[PDB]
Amino acid sequence: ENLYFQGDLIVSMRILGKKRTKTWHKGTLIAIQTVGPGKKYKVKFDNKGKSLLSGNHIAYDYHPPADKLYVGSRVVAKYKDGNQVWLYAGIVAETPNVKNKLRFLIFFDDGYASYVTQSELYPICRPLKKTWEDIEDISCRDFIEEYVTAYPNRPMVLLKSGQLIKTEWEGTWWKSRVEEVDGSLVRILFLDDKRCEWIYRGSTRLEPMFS
Ligand SMILES: CC(=O)c1ccc(N)cc1O
């Protein structure tokens, strides 16, 4: 059947939709379709191109109130990529507290982690019951499932600036150095390449965690 209303969604609403590039873009909800127990949402992107999407592949164009966000919430967030920014899907790993200077920690679907503000988040409209089950990469999906279900039990390595450690990249161990710590994240310098990455302190990419 063709619907005009479904839960709090209404045909003609402005929304965000997931493109095949896996980045998220503004559009209009132009149709809602049922096939028995299934629902699909037809979106016209601001370029006139159209997709028929599942409810976990659309998000509201508004910032969620803090009482609606939990560890494990499915969100779209601002993803900082060199000098350019995209909207990309992730999972809430931490809500604001004194130790994180009142920020949200996001674990993005590609395995990147970053702190963001409430004004950098958008809630997915129809998340799955197990919110991690639409993460395409198997190793990223299994990590989130264990993290979210074990919380608040979170093994982490205590690190200090200047500490020499081994860090994983492309399946092997690299000589690296701790440059800075920010809450649950550490900035690692790869010593041969002379470039940095922000990594979660509970990641088995850090040899001390792995051991
Ligand atoms: C270790 C880590 O930071 C991490 C793991 C899985 C994932 N989907 C996203 C992530 O950010």
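Numbers here simply count residues along the sequence, with the first being 1. Counting starts at 1 for both ligands and their atoms, in listed order.
The contact set between ligand 1 and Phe143, taken as ligand atoms under 4.0 Å from a residue heavy atom, comprises 1 (C), 5 (C), 6 (C). Heavy-atom contacts of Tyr112 reach the following atoms of ligand 1: 11 (O) (cutoff under 4.0 Å).
Note that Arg103 lies in the cation-pi zone of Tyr115, set by a 6.0 Å cut-off to the ring centre and a 45° limit from the axis.
Counting only non-hydrogen atoms, the option in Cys140, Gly111, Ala93, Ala89 that gets closest to atom 3 (O) of ligand 1 is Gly111. Nearest-heavy-atom check against atom 8 (N) of ligand 1 across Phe107, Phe108, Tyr200 picks out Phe108.
Below 30°, between 30° and 60°, or above 60°: for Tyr79 and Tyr112 the angle between ring planes is between 30° and 60°, a tilted geometry.
Put simply, the side chain of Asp110 reaches to within 4.5 Å of the side chain of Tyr88, judged on heavy atoms.
Here the two rings, on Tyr122 and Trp24, have centers that are 6.0 Å apart or farther.
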